[PDB]
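For reference, the structure discussed in these notes is given below.
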Amino acid sequence: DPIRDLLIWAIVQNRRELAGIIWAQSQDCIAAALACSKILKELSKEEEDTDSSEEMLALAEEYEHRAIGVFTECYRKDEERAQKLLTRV
Amino acid sequence: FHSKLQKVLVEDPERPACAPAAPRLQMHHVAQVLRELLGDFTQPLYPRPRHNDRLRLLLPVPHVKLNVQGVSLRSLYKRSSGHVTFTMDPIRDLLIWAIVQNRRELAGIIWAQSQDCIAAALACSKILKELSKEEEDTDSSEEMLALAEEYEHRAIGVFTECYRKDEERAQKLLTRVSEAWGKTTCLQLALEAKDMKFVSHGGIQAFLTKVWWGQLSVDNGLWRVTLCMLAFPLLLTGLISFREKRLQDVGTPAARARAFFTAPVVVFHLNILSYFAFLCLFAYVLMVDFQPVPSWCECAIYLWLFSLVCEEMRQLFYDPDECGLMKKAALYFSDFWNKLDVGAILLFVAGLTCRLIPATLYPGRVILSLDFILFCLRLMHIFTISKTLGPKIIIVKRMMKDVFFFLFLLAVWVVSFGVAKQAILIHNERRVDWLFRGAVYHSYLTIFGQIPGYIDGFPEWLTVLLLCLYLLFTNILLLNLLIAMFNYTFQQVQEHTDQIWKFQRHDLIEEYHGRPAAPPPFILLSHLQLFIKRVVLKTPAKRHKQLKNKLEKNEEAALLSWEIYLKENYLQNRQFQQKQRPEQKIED
Amino acid sequence: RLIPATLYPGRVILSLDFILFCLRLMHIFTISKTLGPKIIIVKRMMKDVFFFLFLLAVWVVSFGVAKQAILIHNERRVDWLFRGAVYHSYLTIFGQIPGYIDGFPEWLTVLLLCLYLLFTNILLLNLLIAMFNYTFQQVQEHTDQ
Ligand SMILES: [Ca+2]
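And the structure:
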């Protein structure tokens, strides 16, 4: 599938628009955002050390905001399948 | 600034030139008004003597026929000394003129076309912070401090854009001498500007990390360098390898030893070793060798004590300049640590003299024992190395410097303990008071709480209940002061104690780096090389150990054009951000 | 203990291992609703002051040596057998100086021993509140995370 790997390609490249633009049509709604957040936080903790680390940490925790938003709207509806969602393989 | 100019013009005028006080505006007056705002910098563009003679150019002087006074090139005089078209460069001095005058626009307007991109901003920041700390005291000090730290923001911005491109020349940038700014390697001037954010901009971390390790690359751990240095042939085994071994530069074990010993980190752990070893040796020689005659252990402890005296000796001559020996050395030694440095030697000398005096044969040992506590202070004074304990050690340094007067408050207040408890019995001012108990001085307390009741076999308990309650009150009035003074600088320190850490690290290393690589066991070679060489010269002229480099003309121009180009890149980006904040939107 | 040289010291050595298990005692007790988050807080603070631990321990080494500077050391002597200086068990100087054999200057340096203890409260107890007071905001609601 293209989108799952294109998010991986775009996230390590550190932009605003492209990541969300690609995600807007992601088949895997929840796990891709979590994977992008993890990769991006690791890149934060590796090495930039000035002028970018805090901004792209804010972008990471924005991906956590957005994962919380999608989990909110999937807990709006269909609670049963909502809890079985949390074992996505 | 204008008041300072009037003062400097009235400090060194002459009588006949102009009546009230106005002989001329020369390099002298600007030179002093700068030297009161700087340290060891250079005097610009015309020293006094014959090669660049500006001595008597305030009265008529003899003409060419003597060829010794004036210009000695033109035989005509036109009531003027001439006109040099370009002094050195206009912008560097026009920033200096504008900054002391306290405006927003003009300083940046002039800087936008500065040839010297980085050093001029640092110099302006330093001068402006000194003017802040001198005297305005209301309505301006904080605003122009904000302007100063804005110049630090802007220096960080230009350093950002020069670390965007050409990393190699970017790190070699940080030794900018310019041959016109009082070189300062572009860092001594920077560190004199006190660098709130400047000393933590990434590239400077790489810089101070690669200069902290001389001939010592990556893949070395804090726990693993101790094994490398302690186990001496072990470095040649399959342990951590260096670029010398990687490039096969280790052709001789002697070469390996020379490369290792000259590493800066080696001398630090060496003085960590030798100082505690000398403390243990002092204990050993006090403990057994209580012989006034010079014995083996007596001379052994004399050796390293004399070596430490020689090191503090050398630091004391290096402290002042070539002319003022007493003044600035005493100014630096007015600090409590340096005063204790003097005291550690003076008390030892006094104790030795007292011990040689038959009156105090026995008290001499007790007096000499007290000097060890001073060395205990150096123990945690020098231990600014640990990654997590080190910043806390800077914190304890500053807090004890702050509560240096709470120390005396506590000590003087306690004087009302022994006197208050001893008010029951009659004093002995001209009596047999001394010999076994009297009241104060040093050793035989048996009232530690162990009152000697062994001879024994509504009212009376509560004032001695209130002795311990008054101790609880001591916890009230005094332990409160500790947390109180700590809780004034309690915010965002965990992340911004790194700035203070790096700053005292560099301040310490700037003068502690000029220490020989020869270990104390092998200090006799350096002694025979330099200490007997001293006497033939009035002033020691050894090569000064610094990280500065001499710049050639072609590399100077090739760099300077590059900083100018990246400065243009920074300026256009700057405009892009000045579009962004909503203030421009609202006035638009 | 099986070695005949340390038949008796083996029991003393084995007794020390119990303190390590004492650590697991409060390491595993992360269950209580209100004490549990505070136990995570104590876990992180002790992990942080793991080096203050060694600072405090090494600094104290200047207590017994400083008090014992009056008398001559015994490095190759009969030093051990009943008192010598350091290791484990027979302290009778808990403040109970054995004066039972007994029957302007001299009080204040041993006044300053307790004053120096107050100074220990100065240099060191400050570190506790100091390191705690760096993560002191909005924890009560965000220590749940
Ligand atoms: Ca001092």
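Chains as they are written, first to last, in PDB author numbering: chain A, 620 to 708; chain B, 532 to 988, 1020 to 1150; chain C, 886 to 988, 1020 to 1061. Where is the CB? At the ideal position from N, CA and C, for every residue including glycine.
Work out the CA separation of residue j and residue i for me, nearest whole Å.
i: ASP620(B); j: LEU576(B); result: 11 Å
i: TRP868(B); j: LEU887(B); result: 29 Å
i: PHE807(B); j: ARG909(B); result: 10 Å
i: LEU1039(C); j: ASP902(B); result: 22 Å
i: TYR972(B); j: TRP1023(C); result: 6 Å
i: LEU878(B); j: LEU899(B); result: 8 Å
i: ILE622(A); j: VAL631(A); result: 15 Å
i: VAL946(B); j: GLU545(B); result: 59 Å
i: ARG787(B); j: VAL950(C); result: 40 Å
i: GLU661(A); j: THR1059(B); result: 24 Å
i: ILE904(C); j: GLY895(C); result: 16 Å
i: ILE916(C); j: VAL756(B); result: 42 Å
i: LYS596(B); j: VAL602(B); result: 11 Å
i: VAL797(B); j: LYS932(C); result: 30 Å
i: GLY988(B); j: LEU1027(B); result: 23 Å
i: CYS549(B); j: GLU542(B); result: 14 Å
i: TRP827(B); j: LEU834(B); result: 11 Å
i: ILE687(B); j: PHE729(B); result: 6 Å
i: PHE914(C); j: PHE906(C); result: 13 Å
i: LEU1090(B); j: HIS1106(B); result: 19 Å
i: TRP944(B); j: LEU1031(C); result: 11 Å
Along the alpha helix (DSSP H) that carries residue i, what are the first and last residues, could you check?
i: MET619(B); result: Neither: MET619(B) is in no alpha helix (DSSP H) and is coded neither H nor E.
i: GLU692(B); result: 672-695
i: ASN1049(C); result: Run containing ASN1049(C): none; DSSP gives neither H nor E here.
i: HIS1058(C); result: 1055-1058
i: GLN537(B); result: 533-542
i: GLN557(B); result: No alpha helix (DSSP H) contains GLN557(B), which DSSP labels as neither H nor E.
i: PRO922(C); result: 920-933
i: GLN953(C); result: Taken as a continuous stretch (DSSP letters only), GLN953(C) belongs to no alpha helix (DSSP H), as it is neither H nor E.
i: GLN736(B); result: 734-743
i: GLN1137(B); result: 1115-1142
i: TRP868(B); result: 867-887
i: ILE1038(B); result: 1024-1039
i: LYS1107(B); result: Element bounds for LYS1107(B): n/a, residue is neither H nor E.
i: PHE773(B); result: Neither: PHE773(B) is in no alpha helix (DSSP H) and is coded neither H nor E.
i: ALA861(B); result: 857-864
i: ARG707(B); result: That residue, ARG707(B), is in no alpha helix (DSSP H); it is neither H nor E in DSSP.
i: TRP835(B); result: 827-849
Do residue j and residue i have their beta-carbon atoms positioned less than 8 Å apart in this structure?
i: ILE627(A); j: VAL689(A); result: no
i: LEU720(B); j: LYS657(B); result: yes
i: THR793(B); j: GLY745(B); result: yes
i: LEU1122(B); j: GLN646(B); result: yes
i: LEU676(B); j: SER663(B); result: yes
i: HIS560(B); j: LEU588(B); result: no
i: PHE1052(B); j: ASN1049(C); result: yes
i: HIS1068(B); j: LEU739(B); result: yes
i: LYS714(B); j: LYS1110(B); result: yes
i: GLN953(B); j: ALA970(B); result: yes
i: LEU1043(B); j: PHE937(B); result: yes
i: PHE773(B); j: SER748(B); result: yes
i: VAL927(B); j: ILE876(B); result: no
Among the candidates the options, whose CA atom is the shortest distance from the CA of residue i?
i: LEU836(B); options: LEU956(B), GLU542(B) and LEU810(B); result: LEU810(B)
i: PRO1021(C); options: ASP964(B), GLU683(B) and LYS1110(B); result: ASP964(B)
i: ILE986(C); options: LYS1129(B), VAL742(B) and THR977(B); result: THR977(B)
i: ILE957(C); options: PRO1082(B), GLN563(B), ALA652(B) and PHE821(B); result: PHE821(B)
i: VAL816(B); options: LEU804(B), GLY570(B) and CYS830(B); result: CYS830(B)
i: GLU692(B); options: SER838(B), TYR1132(B) and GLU1149(B); result: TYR1132(B)
i: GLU1073(B); options: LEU920(B), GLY782(B), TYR849(B) and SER709(B); result: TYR849(B)
i: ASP697(B); options: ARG605(B), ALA679(B), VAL599(B) and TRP1124(B); result: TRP1124(B)
i: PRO823(B); options: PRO889(B), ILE803(B) and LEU625(B); result: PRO889(B)
i: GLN600(B); options: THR616(B), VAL615(B), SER731(B) and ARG579(B); result: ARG579(B)
i: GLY734(B); options: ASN751(B), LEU722(B), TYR694(B) and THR768(B); result: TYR694(B)
i: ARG685(B); options: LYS538(B), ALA638(B), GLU710(B) and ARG700(B); result: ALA638(B)
i: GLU636(A); options: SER672(A), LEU704(A), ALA651(A) and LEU678(A); result: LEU678(A)
i: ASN1116(B); options: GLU843(B), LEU883(B), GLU723(B) and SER709(B); result: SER709(B)
i: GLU1118(B); options: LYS703(B), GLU666(B), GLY613(B) and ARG610(B); result: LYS703(B)
Compare the C-beta of residue i against all C-beta atoms of chain E and say whether one is closer than 8 Å.
i: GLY745(B); result: Given the protein chain composition of this structure (A, B and C), no chain E is represented.
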